[PDB]
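Summary of the model geometry
Here is what each chain is made of, one letter per residue.
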Amino acid sequence: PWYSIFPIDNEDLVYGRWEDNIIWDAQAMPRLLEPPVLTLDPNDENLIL
Amino acid sequence: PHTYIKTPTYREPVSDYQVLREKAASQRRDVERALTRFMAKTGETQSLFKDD
Amino acid sequence: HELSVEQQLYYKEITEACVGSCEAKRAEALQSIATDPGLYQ
Amino acid sequence: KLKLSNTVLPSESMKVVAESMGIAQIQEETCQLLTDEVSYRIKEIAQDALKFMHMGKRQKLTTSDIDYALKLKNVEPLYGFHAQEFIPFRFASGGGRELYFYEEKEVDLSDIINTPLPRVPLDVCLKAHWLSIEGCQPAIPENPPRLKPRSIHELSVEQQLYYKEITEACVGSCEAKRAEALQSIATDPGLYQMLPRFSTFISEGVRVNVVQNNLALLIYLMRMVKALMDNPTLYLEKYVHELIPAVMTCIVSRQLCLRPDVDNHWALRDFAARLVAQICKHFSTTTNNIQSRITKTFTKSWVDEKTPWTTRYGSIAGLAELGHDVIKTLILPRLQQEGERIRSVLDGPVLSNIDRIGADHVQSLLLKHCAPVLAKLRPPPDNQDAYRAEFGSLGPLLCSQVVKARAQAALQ
Amino acid sequence: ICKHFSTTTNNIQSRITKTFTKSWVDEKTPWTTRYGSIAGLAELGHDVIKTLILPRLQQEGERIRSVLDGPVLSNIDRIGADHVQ
C-alpha cells in the first residue's frame with residue numbers, strides 16, 4: 001500500500017478540542033475568541049485546489 | 001519490522017489533466033445552473049413553453 | 001482558491017437570501033443548498 | 001524519620017513450652033531470658049539468609065536459604081528432629097516439614113499413595129532474542145510492551161501492508177495462511193491502533209456477506225472474531241458495539257445458499273457464533289446492558305410465532321449456551337411448545353423444505369440440555385416413564401444421557 | 001450529525017455525550033443550559049436516557065423545590081424550570 005488503502009480522517013475532528021469553541025455563557029466567556037481565516041484544506045477531494 | 005521500524009503514507013493524488021478539466025468544467029456548469037435556477041425562481045420569470 | 005465570479009455571485013445571493021428579508025427567497029435558497037450537485041468548493 | 005523497634009517472641013509462648021517439657025515453676029525473668037536469646041538467633045539467621053537471597057539473585061527468601069544460613073552458623077538444617085550423635089545426617093537439609101496451620105493433623109495412609117504425582121517441569125534451556133535493534137526495542141513477545149498541510153494516515157505502510165496481508169489471508173484461500181494469520185491476530189501486541197479497520201472489515205463483511213449466504217466467508221470472519229477476542233493486549237469493548245450484531249446475525253439469520261448439506265456447518269456457524277456470544281457476555285460486563293439485551297432478543301426470537309426454522313434453531317442454540325442457571329430458569333416452562341412444533345413438522349408431508357431438518361436439530365439440542373438440567377437438580381430415580389410427565393420427548397434416551405454424564409462424573 | 005458521522009476514529013458521539021453530561025450533572029448551571037443538555041441527551045436515543053437521565057431523576061425534587069414553593073415567584077426561573085420538567 002504505497003499510497004493509502006484507507007481514507008484519511010479530519011485531524012481537527014479526530015484530534016482538536018473543538019469543544020473549546022462551544023460558547024457556554026455569552027457574558028462569562030472563559031477565553032477570548034478570534035476571527036477565523038479560511039484555510040482551504042487540500043486533503044479533501046472535490047476541491048479543485 | 002513492524003516491531004522496531006516505521007514510515008508515513010499519503011493519500012492518492014489525482015494529477016491528471018483530463019479529469020481536472022472535467023472536474024472544473026462540471027463544477028462551473030453546475031454552479032451556474034444552480035445560480036440561474038435560483039434567480040429565475042425568486043423573481044419575475046418568462047418561459048418558452050406555456051406555463052413552464 | 002479564490003471563488004470564480006459565477007460561484008462568488010451564487011455565494012452572495014444564497015447567503016443574503018438567508019438573512020431575513022423575506023421567507024420565500026429563504027425557502028428557495030434552502031431548497032437550493034439541499035438539492036444542488038456541485039456546491040463543493 | 002525511622003521508628004525502628006526490636007520485636008521479640010512473646011514470653012507467654014515460652015512458658016507453655018517449658019511446662020509442656022517437665023520444667024515447671026519458671027520465673028518471669030527466667031522466661032524473658034529465653035525469648036531474647038532465641039529472638040536474636042532468628043534475627044541472626046534471617047539477616048544471614050538474606051545473604052543467600054541476594055547471592056542467588058532472587059527477591060524472595062526461599063525455604064532453602066534458611067537451610068544454608070543454618071549450616072553457615074554450624075547448626076544442622078534439620079528442623080523436625082535433632083540427632084545428638086549427628087552421624088546419620090551431618091548438616092544435610094531434609095527440606096523442612098510440609099505442615100500448615102489449617103491442616104487436618106491426621107490422614108489415611110492410602111490417600112497419599114493413590115494421589116497422582118505432580119509433573120516434573122521442563123529442564124533449563126537457552127533461548128536468545130533481541131532487547132535492542134540499533135537502539136530500538138522490538139515488540140516481540142519476549143519483550144514487555146492558506147492551505148492546511150497534507151495529512152498522513154495514522155498507519156505506517158508496513159502496518160498497512162500487514163493489514164492487507166492479514167485480511168487477504170483471513171479470507172481463507174489457503175488453510176496454513178489462515179491459521180498463521182489467526183495466530184498473528186491472537187498475539188500481535190501492536191494490533192491496537194489498527195483495530196477500528198479490523199472491526200469495520202468484520203462488520204461490513206458479514207452484512208454484505210449475508211446478502212448471498214456465503215458460509216466460508218462467514219466461518220472465516222467468526223474465526224477472526226475469536227482470534228481478536230483472546231488477544232490480551234488490545235482493548236475491545238470500544239468496538240464490541242460493532243462485533244455483537246455481527247455474531248447475532250450469524251446465529252439468527254436464514255441461509256440464502258443450499259438449505260441442507262452445509263446445515264451441518266450451519267449448526268457450527270451457529271455453534272461458533274454462540275460460543276463467541278457467550279464469551280462476549282462473559283467479558284465486557286456492566287449493569288444490565290449487554291447480557292440482558294442479548295437475552296431479551298433471544299427470548300423474543302423464541303416466543304415469536306411461526307418463525308423461520310433456521311432462525312429458530314440458531315436462537316435455540318444461542319439461549320442454550322448461556323450457562324448453568326440460564327437453562328435452569330428459561331427452558332423450563334416451554335417444553336409443550338417445542339413438542340407441538342416437532343409434531344407439526346412431522347404431520348405435514350412437505351419434506352423438500354428445510355423445516356424437518358431444523359426441527360430435528362432443535363429437538364436434539366433441547367433434549368441434551370434438558371438431560372443435565374435434570375442430572376444437575378434431582379436424583380436419577382425413576383428414569384423410565386416419569387419423563388412422560390414432560391410430554392415424553394427424550395424419556396429413557398434422556399435417562400441414558402444422564403447415566404453417561406454420571407459415568408463421566410465417576411471418572412472425574 | 002452524530003448519527004451520520006460518528007465513527008470509532010471520530011469519537012463524535014462519546015465526546016458530545018460527555019460535554020452534555022458534565023454540563024448536566026454539574027450544579028450552578030442555568031435552567032436554559034440544563035434544558036439544552038437534557039434535550040440533546042434525550043434526542044440521542046433510548047439507552048442514553050437509560051444510563052444518563054434516569055440516575056439523576058432525584059434532581060426533579062431539587063427542581064420542584066423552586067416550583068411548588070418559591071419565595072420569588074415573579075422571576076424567570078419558573079418558566080424555565082417547568083419547561084425542563
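As stated in the entry header, the method of structure determination is cryo-EM and the reported resolution is 8.64 Å.

For chain C, the helix and strand inventory stands at two helices and zero strands. On the principal axes, the C-alpha backbone points of chain C span a range of 30 × 20 × 10 Å.

Glancing now at the overall build of chain D. Scanning chain D from N- to C-terminus turns up 16 helices and zero strands. For 412 residues, the compact-globule estimate of 2.2 N^0.38 gives 22 Å, and chain D exceeds it by more than 25% at 33 Å. The C-alpha extent of chain D, read off along each of the three principal axes, is 100 × 85 × 45 Å.

With 16 residues of chain D at the contact, the number on the chain A side is 18 residues. Note on chain D versus chain A: buried area summed over both sides is about 1,500 Å², and carbon and sulfur give 63% of it. On the chain D side of the interface with chain A, the three residues burying the most area are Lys148(D), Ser151(D) and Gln160(D), jointly 40% of the side's total. Seen at the junction of chain D and chain A, the total is one salt bridge. A salt bridge links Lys148(D) to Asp12(A); the shortest N-O distance between them is 3.6 Å. A total of five residues in the side of chain D that touches chain A trace back to one element, the largest contributor, which is helix α5 (residues 157-169) of chain D. A class-by-class count of the residues in the side of chain D that touches chain A yields seven nonpolar, three polar and six charged.

Moving on to the side chain of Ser315(D). All names here are of chain D. By secondary structure assignment, the location of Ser315 is in helix α12 (residues 309-320). On the basis of relative accessibility, which here comes to 2%, the residue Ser315 falls in the buried class. Reaching out from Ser315, the side chain makes a polar contact with the backbone oxygen of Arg312 at a distance of 2.9 Å. Those residues within four positions of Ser315 in sequence are excluded, and the remaining contacts are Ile251 and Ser301.

It is worth spelling out the packing of aromatic side chains at this point. What the rule picks out here adds up to six aromatic pairs over all chains. Relative to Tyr163(D), the ring of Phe6(A) has its centre 4.8 Å away and its plane inclined at 45°; by these criteria the two rings are tilted. Here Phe6(A) is found in the segment before α1 (11-14), whereas its partner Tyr163(D) is found in helix α5 on a different chain. Look at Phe6(A) and you get buried, because its relative accessible area is 6%. Considering the side-chain rings of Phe86(D) and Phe91(D), the 4.9 Å spacing of their centres and the 75° angle between planes classify their relative orientation as edge-to-face. Classification of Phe86(D) by relative accessible area gives partly exposed; the value is 22%.

Another aspect to go through is the nonpolar core. In terms of nonpolar packing, the biggest core is built from 62 residues, with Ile185(D), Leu191(D), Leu195(D), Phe198(D) and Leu228(D) touching the most fellow members. The leading source of residues in this core is helix α8 (residues 215-229) of chain D, at nine residues. Beyond its immediate sequence surroundings of up to four residues, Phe198(D) is in contact with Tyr163(D), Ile166(D), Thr167(D), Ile185(D), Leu191(D), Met224(D) and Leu228(D). Grouped together as the second largest cluster of nonpolar side chains are nine residues, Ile38(E), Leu41(E), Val48(E) and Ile53(E) included.

Now for the arrangement of the chains. Among eight pairs of chains with at least one contact, chains A and D form the most extensive contact set. Over all C-alpha pairs, chain B and chain E never come within contact, reaching a minimum spacing of 17 Å. As for chain E relative to chain C, no contact occurs, and the smallest C-alpha gap between them is 15 Å.

Residue and element names in this part refer to chain E. The N-to-C vectors of helix α2 (residues 31-44) and helix α3 (residues 46-53) enclose an angle of 135°; their axes lie 6 Å apart at closest approach. With respect to α3, the element α2 is oriented oblique. Contact residues: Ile38, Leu41, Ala42 and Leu44 in α2; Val48, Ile49, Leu52 and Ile53 in α3. Its residues assigned to classes, the contact of α2 with α3 comprises eight nonpolar, no polar and no charged.

Here we come to helix α3 (residues 65-72) of chain D. Residue and element names in this part refer to chain D. Within α3, burial applies to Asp65, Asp67, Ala69 and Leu70. Buried residues along α3 sit in contact with α2 (28-55). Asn74 occupies a position one or two residues after α3 and carries a positive phi of about 60°.

As a further point, take the environment of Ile42(D). Residues and elements named next belong to chain D. Of note, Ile42 is situated in helix α2. Judged by its relative accessible area of 45%, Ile42 falls in the partly exposed class. Remark: the alpha-carbon pair of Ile42 and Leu9, spanning 33 residues in sequence, is separated by 9.6 Å.

Applying the stated rule across the entire model yields 25 salt bridges over all chains. Between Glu154(D) and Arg197(D) there is a salt bridge, and its shortest N-O distance comes to 3.2 Å. Of this pair, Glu154(D) sits in the loop between α4 (111-114) and α5 while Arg197(D) is found in helix α7 (residues 195-208), placing the two residues 43 residues apart along the sequence. On the basis of relative accessible area, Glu154(D) is assigned to the partly exposed category, the value being 32%. Each of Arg17(A), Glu19(A), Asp20(A), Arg31(A) and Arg15(E) takes part in one network of salt bridges that share partners.

Okay, the side chain of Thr295(D) next. Residue and element names in this part refer to chain D. Relative to the helices and strands, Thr295 is located in helix α11 (residues 291-302). Only 2.5 Å separates the side chain of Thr295 from the backbone oxygen of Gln291, close enough to count as a polar contact. Sequence-distant contacts of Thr295, that is, excluding residues within four places in its chain, are made with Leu322 and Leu330.

What counts, and where the lines are drawn
- Residues numbered from 1 in each chain as written, not as in the entry; some residues may be left out.
- Chains lettered and ligands numbered in written order.
- Part of a larger assembly, values for the part shown.
- Heavy atoms only, no water.
- Residues with missing side-chain atoms left out of burial classes, pairs and counts.
- Helix = DSSP H or I, 4+ residues; strand = E, 2+ residues; numbered from the N terminus.
- Rg over C-alpha atoms; globule rule 2.2 N^0.38 Å.
- Contact = heavy atoms within 4.5 Å.
- Buried area = accessible area lost by both parts, 1.4 Å probe.
- Salt bridge = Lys/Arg side-chain N within 4 Å of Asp/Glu carboxyl O.
- Nonpolar A, V, L, I, M, F, W, Y, C, P; charged D, E, K, R; others polar.
- Buried < 20%, exposed > 50% of the residue type's maximum accessible area, 1.4 Å probe, protein only.
- Polar contact = N/O pair within 3.5 Å; in protein donor to acceptor, adjacent residues only side chain to side chain.
- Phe/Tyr/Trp six-rings, centres within 6.5 Å; stacked < 30°, edge-to-face > 60°.
- Core = buried A, V, L, I, M, F, W, Y, C linked by side-chain atoms within 4.5 Å.
- Axes fitted to C-alpha atoms, helices over the stretch in contact; angles between N-to-C directions.
- Parallel < 35°, antiparallel > 145°, perpendicular 65-115°, else oblique.

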